[PDB]
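Q: Encoded as structure tokens, here's the structure I'll be asking about.
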Amino acid sequence: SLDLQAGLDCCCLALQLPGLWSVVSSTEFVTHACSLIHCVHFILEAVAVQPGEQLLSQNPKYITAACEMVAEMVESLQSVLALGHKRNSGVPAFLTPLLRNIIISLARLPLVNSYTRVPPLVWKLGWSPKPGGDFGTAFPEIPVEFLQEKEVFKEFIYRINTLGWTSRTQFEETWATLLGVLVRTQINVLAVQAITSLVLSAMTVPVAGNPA
Amino acid sequence: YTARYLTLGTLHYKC
Amino acid sequence: XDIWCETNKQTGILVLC
Amino acid sequence: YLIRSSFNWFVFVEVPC
Amino acid sequence: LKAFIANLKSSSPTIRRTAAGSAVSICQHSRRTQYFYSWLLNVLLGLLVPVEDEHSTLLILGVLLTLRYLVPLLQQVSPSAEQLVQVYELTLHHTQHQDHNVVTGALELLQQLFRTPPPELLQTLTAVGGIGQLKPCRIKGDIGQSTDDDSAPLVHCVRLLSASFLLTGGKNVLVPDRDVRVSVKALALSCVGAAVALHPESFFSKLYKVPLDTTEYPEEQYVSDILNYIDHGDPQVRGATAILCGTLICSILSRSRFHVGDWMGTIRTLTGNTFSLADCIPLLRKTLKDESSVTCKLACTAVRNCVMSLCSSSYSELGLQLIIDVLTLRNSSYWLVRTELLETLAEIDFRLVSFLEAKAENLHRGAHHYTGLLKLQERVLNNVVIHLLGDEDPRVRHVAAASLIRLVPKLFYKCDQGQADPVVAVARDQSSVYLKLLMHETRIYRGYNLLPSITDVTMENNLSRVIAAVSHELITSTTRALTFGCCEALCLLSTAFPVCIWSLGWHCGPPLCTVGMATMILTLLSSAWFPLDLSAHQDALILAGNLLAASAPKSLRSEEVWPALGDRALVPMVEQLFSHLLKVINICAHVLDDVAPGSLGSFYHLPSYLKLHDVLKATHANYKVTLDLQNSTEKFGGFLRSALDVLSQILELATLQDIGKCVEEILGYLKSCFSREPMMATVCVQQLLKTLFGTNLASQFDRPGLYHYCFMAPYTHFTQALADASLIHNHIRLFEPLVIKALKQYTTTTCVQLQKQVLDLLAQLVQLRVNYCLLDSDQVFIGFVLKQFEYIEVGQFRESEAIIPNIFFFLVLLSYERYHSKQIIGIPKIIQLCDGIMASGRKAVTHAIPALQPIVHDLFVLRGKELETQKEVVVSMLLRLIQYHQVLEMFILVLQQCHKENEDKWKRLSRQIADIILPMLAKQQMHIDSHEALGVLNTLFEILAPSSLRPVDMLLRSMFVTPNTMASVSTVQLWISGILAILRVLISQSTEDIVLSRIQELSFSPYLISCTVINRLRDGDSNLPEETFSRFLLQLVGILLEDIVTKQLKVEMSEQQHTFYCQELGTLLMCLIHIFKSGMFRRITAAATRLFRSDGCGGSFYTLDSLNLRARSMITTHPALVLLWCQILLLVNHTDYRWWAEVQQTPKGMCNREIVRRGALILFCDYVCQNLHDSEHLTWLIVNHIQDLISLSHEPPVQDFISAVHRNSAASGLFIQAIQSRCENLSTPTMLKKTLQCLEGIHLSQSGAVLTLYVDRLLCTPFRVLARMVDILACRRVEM
Amino acid sequence: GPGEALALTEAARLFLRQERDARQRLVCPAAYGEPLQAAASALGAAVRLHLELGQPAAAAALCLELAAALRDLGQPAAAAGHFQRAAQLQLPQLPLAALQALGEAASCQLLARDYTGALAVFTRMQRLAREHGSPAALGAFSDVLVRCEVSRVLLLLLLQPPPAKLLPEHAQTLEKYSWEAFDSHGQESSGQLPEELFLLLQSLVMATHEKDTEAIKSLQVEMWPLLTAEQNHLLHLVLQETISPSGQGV
């Protein structure tokens, strides 16, 4: 247990420091970033998930696997990695805050961040743009016509609040997205709460917009 | 095709 | 319906002993 | 051997052997 | 029937369906049911039997459908095998018809022929030459014929179905869906599955008996290519292929006795099949993950058919893999997949799963290297079964509650007092049925129990944990559905495990017999929403009444309200329930009378009860305008019934000062409720009389292990039994209207359950001293009851089995003294009614025996030349029925009563009974093919005067007999049952020299049941006394072993017959153990020791090696019987390693093999302790079995063996050397602990050797508690 | 009366669903708990009402619902207080329900790092389980005793109370896993625990007597499959406080 803790303390702390972050958030380190994602998902399932259960209720195929693993882990922060929740009872409490902080930080990598921001219900509605960037994974931001779906908007709000924003460009893009929902009372209330959360996220002290 | 039975006879089917 | 009705006989009374 | 310290239940002390 | 057969040619499918249904139904409800089935089968085959003539397609469909409705009624003059093979042959013919609507009708008929096979057809279709011993066609070669001699008809049938509909003759090719429709492909796959269930080797056939041309077909195709339909586009075809896998897996594991590699090896040499049993499991696994819910439901049904036989086999890991892979289906959208999972999980024995889980290592890891355990029981119990009590569908909750009750007996938990490990838990289960002893020997309401219950601790512990889990979910319930499901589950649990019997399972703490969670259930019926669900509400009332009834014999006394309650903490609970019951019964009284609402039952001022009135008014309003008179689930009647039942239960705690202010209000309610529920209202009137007359409970009060379960406890219980074998009322006028309603209702109804209750009411009224001659004004009701016997005798009174015993009890009471105006009926007349129903009616065990039981109990316990004459007439009536065990129980009573009143009458009657019984036993005329009947006969022989059995000649001439045949199981069982009954008399009431002298003076031959006699009797073709006796018993062992091993499981015998063979063998082997182990039969023991060493006198008798080949085959299937055989082998000194190295699995899984492996080593340890003068068996156990001796070192005989090793210097030296050559397997914490507990006492002359082992091997471990124990033992050895 | 109580449960659960949306489903940084303050005030009036209506088991249900909410919403200290209020209201009438509530309070004190408080709740449970469930216990109470035994031993190895706070019940529990004299084996099991788990606990308690940290590290990986995840957290804290002691400022 001290050795799981030593490896995961290092992963957690190295991703919190901007000079180590900017090494792993780069093209030269894509296979290293994919290993961090594979290893964390593997350690999490080997501890938390019994045989016959599930965690929830062109580019090399390891790249696509990394996007799916981080999206599933960011979903698990509601349920399996929510400290003291009824589905956390298989995770020992010393691994929970490390795995939370690691998962939020891995979801901010350029490699996976565009994918992870998409609510999983929009892939089920059949949205399928061709990605294109340094890694072959840069999706667009979600079309505002999907954010009229109350569930898709709550699921989008969860992901932007959980991950924060990685740049001024991303803050301005989520600002433009949320304003586009104001121009039904329930989506107005959700957008008023979402825009409040967004602007208040600029007030976080060491690094603005980084919840980790 | 041809079959044979005990209580029925020997019978023929058109292949 | 019953046989008391059907044969025009009165029904009984209960008493101890 | 070791023996229990009398001043603390969790502490043990050596005795000559 | 002629009027409906005429419609079987109609163009309308509806007219044909009405005709087919009406025809079989008229036969089914006729008097001569078997004659009319034969007549209908004559007409139906007559309509098609000149098969060369082209018949109308409409008539073919009408006749095939009528046969399909008829064949379940043939499952049981009578239908003959020749007539039944004509149905089968005619079915095979119509599968080749041009019109595939006739092919559908023929495959549907064939599916009923295989789902419910008539027994003569079943024997024929599985026998090795069975029939031969009496758009266009796709068949492109020789598939054999139905009349062949070389193979069973089902081999041809599976080839025909396969070649017509599934296989082209070309390897791995599916037949097009345009050539044969998917409905026909699904029917054909399922007909093959139903054939494979009867005869598995039909699946392994090469499709064609002679090859097709080798230019078009370069490889031969096997029938097993039908498993390629698992990847087909249609859901029902994939699912039917998964069902085929499940049936195939199950059947191979039943037809082989889990000896799969031997059976598959034979089939592989005959056929050339490279196919494996393991190949089916990935087909089940992929189909549980199907995209279609209908395929998924069928893959779940396939796992329900094979999971437990996989767990019992050499493929038991694949059994665990299937249990894991079904758990994901708890999350299914389809309710029929959820209920199939719940029914699947309810089949699983978690003791066997716990054994398999403990042996598994890598299986705990799954696909993803998981850390921790599978915890399958905890996940099934909590995450599936109790989780689905919260399901929004009531149908899933109902199934989950039933599945939970089936699971309580099957749960395993660590640290249980009754079973320390799951191998002991499985062993005690398997021993419990086959080693059951042969033994025998004002009414309180249900849910009360005054006597000490002697409950099983393991079952109380399992129940305690289940009730705690269901009560936790009820407390923390955030959803209405989960509250309802937990109340249904607790209500049903309180029925299947009554609270008054299982008081420690139901203990939450409150009275420190129990009241469980009664306050928690009472909170629900005061809440604002829960009372308005009538199903959950009636479940709460039943559960509340059961929990408050279970306090009684510790809560009863001897304050002014509820005086009988001494535990005054329960009075609030009882007053709450009782006032609730009177309010809800008054709501029903208002709704049934249509009187609008506006003192304990008064409710017009309570909003919660006014809502309940409007729910119940609405439920009754739908009943008023409908006519479903058989519907048992009608919620108003169901609710009212449960309220009257729970009121009837709580009235056992009441006395006249509780009810006396209140009875006229209750009778007013019952007067309104009577027309809707007359029977439960009559039960309430009876309890309300028991409270007025002081006749109710409130007014009439004042370490075990494998050696233990497999041998020592059965043996001790048997030997002890053989040793014991040698020894104010002005209120009555309030009830008058309701009694007159009950009397009137008896004369109009046909409900035998109402009539039974009105007779119980009148019987209670004459016991309570009511004047019958004023109640029945002119003998009108008794006249009507006597008129009912005319219809009961002639067989015109439908369910008369239920009414007979209550009429006879009522007539017996009404005969007493010369009370009232005159004696209404006499015992001479009651005897004439009973001899009337006995003369020529239907079966004695349902008609004449229930009539006798009241009369015998009165005249011999409770009721002088007229009386003694009538008693002698009852004995002549009993002797006319003596073949039935229920009248042997009546003879036990008359013998026990005459033994106390007059010994010379008891001697005379006991001689008269023994002189009738022993000829009947000799001729198999006694109905003793049952464990209960054999136990009753065993008890009668203890209760007869011992002078009746005194010269043993009559016992010997009844025992040393052959049956008329050995071709039928019923005959063999009756014969062996009579022998076991007589053998028990000889070994308990007589002595060896008495029996052996009378055997020699009557010249019995050992050749009485030689192998030549046995073999001819199986075809149906009807010098010391100790050697004669030992040959007879040792031949019966071979007969039982052959019938248990060889006889096919469902074809040749019933499941009840299979267990009775095993119970007969268990009884026989327990006798042989008492003969050889007691020392009281020394000549018979010496003779048996000679016989077990002999050749078979040539071919004349079973040899020891042939008896062992059958007993070795039973290891995988009957481990409790095999351990009794091991015990006999040691008692006759058979110590050859050709047996012992096999049963002990000596080196050079299956749970039943482990039970035999451990039990055999324990029994061999118990032998060598009696043989310490012999060195070889001491050495052999140590050298070959050191690990097993250490693991089993807690069993008393193995403990005694280890203490014998400590007393011997050379043996202690070998023990250390054997530990030194296995210490790497002993390094586990529990095994190192057991090893050091063995080494502590090792012999003083070996102290340098054991000390060398400590420092070299055992002192260096992370287990500090053990390294300290090694240090201490090592210090003691240097001090020594 | 019961209808007013029902309506207050629904009106409390409304604010509590509203709190769960903001806190758990949206993870809103601006989610200061105005709905939670409204839910706790609503149930405060409703618990007063159910206790004036004299039905403690119906007040304890509200306390369990609020305790579970405060735990899910990341406030385990406030949850542990409401679980102990539920337990106290159940205990005169439903001893198993009270043990279940105290078990959740002990889990909440462990989440809140209140290990001396968790130790005291497990001791209260092990007493009540012997008092109502009995020396062999009935199966439901036996599973509670087995939890309390293993949890108390690891908490006592973590905290190591001075002679002033080694209560008779702590000393009595620990001596089963310990040696009385220089030639004693240590005590044999009463059959409370599986033999393998009992031998590993005795080995752990003995490895902490003789300061064998390599043995504690070996016993930590060996016990991992046998423990609940909560107990694996306790055993992690024993190995952590063994290698890096708290209270030194380093």
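Within each chain, counting starts at residue 1; across the structure tokens, chains are named A, B, ... in the order shown, with ligands numbered 1 upward in that order.
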Excluding region 161-169 of chain F and any residue of its chain fewer than 5 positions from it, enumerate the residues within 9 Å of it, using only C-alpha atoms, and give them as a CSV table (one decimal) with N, CA and C atoms, in the first residue's frame.
A:
chain,number,residue,atom,x,y,z
D,7,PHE,N,5.3,0.0,32.0
D,7,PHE,CA,4.9,1.4,31.9
D,7,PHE,C,4.1,1.7,30.6
D,8,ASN,N,4.1,0.8,29.6
D,8,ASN,CA,3.2,0.9,28.4
D,8,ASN,C,2.9,-0.5,27.8
D,9,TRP,N,1.7,-0.8,27.5
D,9,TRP,CA,1.2,-2.1,27.0
D,9,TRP,C,1.8,-2.5,25.7
D,10,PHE,N,2.1,-1.5,24.8
D,10,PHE,CA,2.6,-1.6,23.5
D,10,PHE,C,4.1,-1.7,23.4
F,123,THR,N,-16.5,-0.1,20.0
F,123,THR,CA,-16.6,-0.7,21.3
F,123,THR,C,-18.0,-0.8,21.8
F,156,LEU,N,-6.6,0.0,17.6
F,156,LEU,CA,-5.7,0.0,18.7
F,156,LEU,C,-4.2,-0.1,18.3
F,174,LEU,N,-7.1,-7.2,23.1
F,174,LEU,CA,-5.8,-7.3,22.6
F,174,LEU,C,-5.0,-8.5,23.1
Q: Neighbours of residue 201 (chain F) within 12 Å (only C-alpha atoms; same-chain residues fewer than 6 positions away dropped), as a ChimeraX atom specification?
A: /E:1229,1263-1266 /F:149-154,157,173-178,186,189,193-195,207-208,215-216,219-220,222-223,226-227,231,235
Q: Excluding same-chain residues fewer than 4 positions from region 73-75 of chain A, what lies within 8 Å of it counting only C-alpha atoms, as a ChimeraX atom specification?
A: /A:41,56,69,79,103-104,107,116,159
Q: Got a sec: who's within 12 Å of region 182-186 of chain A, counting only C-alpha atoms, leaving out chain neighbours fewer than 2 positions off, as an mmCIF file with C-alpha atoms, in the first residue's frame?
A:
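Below is the file result04.cif, written as the result:
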data_model
loop_
_atom_site.group_PDB
_atom_site.id
_atom_site.type_symbol
_atom_site.label_atom_id
_atom_site.label_comp_id
_atom_site.auth_asym_id
_atom_site.auth_seq_id
_atom_site.Cartn_x
_atom_site.Cartn_y
_atom_site.Cartn_z
ATOM 1 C CA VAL A 144 -25.312 24.506 -29.435
ATOM 2 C CA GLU A 145 -28.421 22.705 -30.835
ATOM 3 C CA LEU A 147 -27.388 21.898 -25.499
ATOM 4 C CA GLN A 148 -31.190 22.402 -25.783
ATOM 5 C CA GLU A 149 -31.372 18.791 -24.457
ATOM 6 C CA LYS A 150 -31.604 19.230 -20.615
ATOM 7 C CA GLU A 151 -29.642 16.013 -19.889
ATOM 8 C CA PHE A 153 -26.521 20.261 -21.013
ATOM 9 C CA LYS A 154 -26.265 18.922 -17.397
ATOM 10 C CA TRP A 175 -18.105 31.547 -22.550
ATOM 11 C CA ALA A 176 -19.338 31.842 -26.186
ATOM 12 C CA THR A 177 -21.021 28.385 -25.904
ATOM 13 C CA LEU A 178 -22.918 29.244 -22.674
ATOM 14 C CA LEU A 179 -24.009 32.718 -23.944
ATOM 15 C CA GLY A 180 -25.424 30.896 -27.028
ATOM 16 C CA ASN A 188 -32.005 29.490 -18.625
ATOM 17 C CA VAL A 189 -31.534 28.452 -14.925
ATOM 18 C CA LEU A 190 -28.897 25.850 -15.925
ATOM 19 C CA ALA A 191 -27.071 28.398 -18.144
ATOM 20 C CA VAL A 192 -27.214 31.117 -15.410
ATOM 21 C CA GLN A 193 -25.691 28.602 -12.936
ATOM 22 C CA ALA A 194 -23.143 27.401 -15.559
ATOM 23 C CA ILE A 195 -21.972 30.945 -16.521
#
Q: Mind pulling up the distance from CA of residue 1132 (chain E) to CA of residue 1089 (chain E)?
A: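 One can read the CA of residue 1089 (chain E) to CA of residue 1132 (chain E) distance as 4.9 Å.
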Q: Within 8 Å of region 414-421 of chain E, counting only C-alpha atoms, which residues qualify if same-chain residues fewer than 5 places away don't, as a short mmCIF file (atom, residue, chain, number, x, y, z; two decimals) with N, CA and C atoms, in the first residue's frame?
A:
data_model
loop_
_atom_site.label_atom_id
_atom_site.label_comp_id
_atom_site.auth_asym_id
_atom_site.auth_seq_id
_atom_site.Cartn_x
_atom_site.Cartn_y
_atom_site.Cartn_z
N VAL E 457 -28.94 -25.32 13.88
CA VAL E 457 -28.20 -24.08 14.13
C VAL E 457 -27.76 -23.39 12.84
N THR E 458 -27.29 -24.15 11.85
CA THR E 458 -26.83 -23.61 10.57
C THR E 458 -27.97 -22.93 9.81
N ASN E 461 -28.82 -19.65 11.67
CA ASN E 461 -27.81 -18.67 11.31
C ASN E 461 -28.03 -18.11 9.89
N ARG E 703 -17.89 -27.84 15.90
CA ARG E 703 -17.19 -29.06 16.32
C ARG E 703 -17.45 -30.30 15.45
N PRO E 704 -18.68 -30.60 14.99
CA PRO E 704 -18.94 -31.69 14.06
C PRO E 704 -18.14 -31.59 12.76
N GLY E 705 -17.95 -32.73 12.11
CA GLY E 705 -17.13 -32.85 10.92
C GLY E 705 -17.45 -34.10 10.11
N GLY F 191 -13.09 -19.42 17.89
CA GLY F 191 -13.88 -19.67 16.67
C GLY F 191 -14.67 -18.45 16.18
N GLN F 192 -14.36 -17.25 16.68
CA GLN F 192 -14.99 -16.00 16.27
C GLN F 192 -14.69 -15.60 14.81
N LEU F 193 -13.41 -15.63 14.46
CA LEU F 193 -12.80 -15.32 13.17
C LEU F 193 -12.40 -16.59 12.41
N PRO F 194 -12.37 -16.58 11.07
CA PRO F 194 -11.63 -17.57 10.31
C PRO F 194 -10.21 -17.74 10.86
#
Q: What's the 9 Å shell around region 7-17 of chain C, counting only C-alpha atoms, without same-chain residues fewer than 3 positions away, as an NGL selection string?
A: (:C and (2-4)) or (:E and (729 or 732-733 or 735-736 or 739-740 or 768-778 or 780 or 820))
Q: With N, CA, C and O atoms retained, could you export that selection as a CSV table (one decimal), in the first residue's frame?
A:
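Contents of selection-v4.csv, freshly written:
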chain,number,residue,atom,x,y,z
C,2,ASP,N,-81.1,-23.2,-0.2
C,2,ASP,CA,-81.0,-24.1,0.9
C,2,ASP,C,-82.2,-25.1,1.0
C,2,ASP,O,-83.4,-24.7,0.7
C,3,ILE,N,-82.0,-26.2,1.6
C,3,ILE,CA,-83.1,-27.2,1.9
C,3,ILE,C,-84.2,-26.9,2.9
C,3,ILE,O,-85.2,-27.5,2.9
C,4,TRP,N,-83.9,-25.9,3.8
C,4,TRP,CA,-84.9,-25.4,4.7
C,4,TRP,C,-86.0,-24.6,4.0
C,4,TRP,O,-87.2,-25.1,4.0
E,729,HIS,N,-72.8,-17.5,29.9
E,729,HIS,CA,-73.0,-17.9,28.5
E,729,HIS,C,-74.4,-17.6,28.0
E,729,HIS,O,-75.0,-18.4,27.3
E,732,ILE,N,-74.3,-17.1,23.7
E,732,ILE,CA,-74.4,-18.1,22.7
E,732,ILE,C,-75.5,-17.8,21.6
E,732,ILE,O,-75.2,-18.0,20.4
E,733,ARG,N,-76.6,-17.1,22.0
E,733,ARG,CA,-77.6,-16.7,21.1
E,733,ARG,C,-77.2,-15.6,20.1
E,733,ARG,O,-77.9,-15.5,19.1
E,735,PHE,N,-74.5,-16.0,18.2
E,735,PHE,CA,-73.9,-16.8,17.1
E,735,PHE,C,-74.9,-17.5,16.2
E,735,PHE,O,-74.6,-17.9,15.1
E,736,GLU,N,-76.2,-17.6,16.6
E,736,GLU,CA,-77.2,-18.3,16.0
E,736,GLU,C,-77.5,-18.0,14.5
E,736,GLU,O,-77.5,-18.9,13.7
E,739,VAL,N,-74.4,-19.4,12.5
E,739,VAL,CA,-74.4,-20.8,12.4
E,739,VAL,C,-75.5,-21.3,11.4
E,739,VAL,O,-75.2,-22.2,10.6
E,740,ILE,N,-76.7,-20.7,11.4
E,740,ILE,CA,-77.7,-21.0,10.5
E,740,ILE,C,-77.3,-20.6,9.0
E,740,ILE,O,-77.6,-21.4,8.1
E,768,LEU,N,-68.5,-28.2,22.7
E,768,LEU,CA,-68.9,-27.1,23.6
E,768,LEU,C,-70.3,-27.3,24.2
E,768,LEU,O,-70.8,-26.4,24.9
E,769,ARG,N,-70.9,-28.5,24.0
E,769,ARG,CA,-72.2,-28.9,24.7
E,769,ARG,C,-73.4,-28.3,24.2
E,769,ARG,O,-74.4,-28.2,24.9
E,770,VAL,N,-73.5,-27.8,22.9
E,770,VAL,CA,-74.7,-27.3,22.3
E,770,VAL,C,-75.7,-28.4,22.0
E,770,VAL,O,-75.3,-29.5,21.6
E,771,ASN,N,-77.0,-28.1,22.3
E,771,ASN,CA,-78.1,-29.1,22.0
E,771,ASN,C,-78.4,-29.3,20.5
E,771,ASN,O,-79.1,-28.5,19.9
E,772,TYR,N,-77.8,-30.3,19.9
E,772,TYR,CA,-78.0,-30.6,18.5
E,772,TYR,C,-79.4,-30.8,18.1
E,772,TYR,O,-79.8,-30.3,17.0
E,773,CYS,N,-80.3,-31.5,18.9
E,773,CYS,CA,-81.7,-31.7,18.5
E,773,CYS,C,-82.6,-30.4,18.4
E,773,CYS,O,-83.6,-30.5,17.8
E,774,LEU,N,-82.2,-29.3,19.0
E,774,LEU,CA,-82.8,-28.0,18.8
E,774,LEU,C,-82.2,-27.3,17.7
E,774,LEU,O,-83.0,-26.5,17.0
E,775,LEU,N,-80.9,-27.4,17.4
E,775,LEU,CA,-80.3,-26.8,16.2
E,775,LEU,C,-80.7,-27.4,14.9
E,775,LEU,O,-80.9,-26.7,13.9
E,776,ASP,N,-80.7,-28.7,14.8
E,776,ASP,CA,-81.2,-29.5,13.6
E,776,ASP,C,-82.7,-29.9,13.8
E,776,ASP,O,-82.9,-31.0,14.4
E,777,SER,N,-83.6,-29.1,13.5
E,777,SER,CA,-85.0,-29.1,14.0
E,777,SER,C,-85.7,-30.5,13.8
E,777,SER,O,-86.6,-30.8,14.6
E,778,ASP,N,-85.4,-31.2,12.8
E,778,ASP,CA,-86.0,-32.5,12.5
E,778,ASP,C,-85.0,-33.4,11.7
E,778,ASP,O,-85.3,-34.1,10.7
E,780,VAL,N,-82.7,-32.7,9.7
E,780,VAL,CA,-82.6,-32.3,8.3
E,780,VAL,C,-81.2,-32.2,7.8
E,780,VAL,O,-80.9,-32.8,6.7
E,820,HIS,N,-80.0,-35.9,24.4
E,820,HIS,CA,-81.1,-35.2,23.7
E,820,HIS,C,-82.3,-36.1,23.5
E,820,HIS,O,-82.5,-37.0,24.3
Q: Hey, what's within 8 Å of residue 236 (chain F) if we count only C-alpha atoms and toss same-chain stuff fewer than 2 positions away? As JSON, numbers by chain, please?
A: {"A": [1, 2], "F": [220, 232, 233, 234, 238, 239, 240]}
Q: Pick out the chain E residues within 8 Å of chain A. Count only C-alpha atoms. Give them as a list in words.
A: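 Close enough to count are residues 324, 325, 327, 328, 364, 365, 366, 367, 368, 369, 370, 371, 372, 373 and 374 of chain E.
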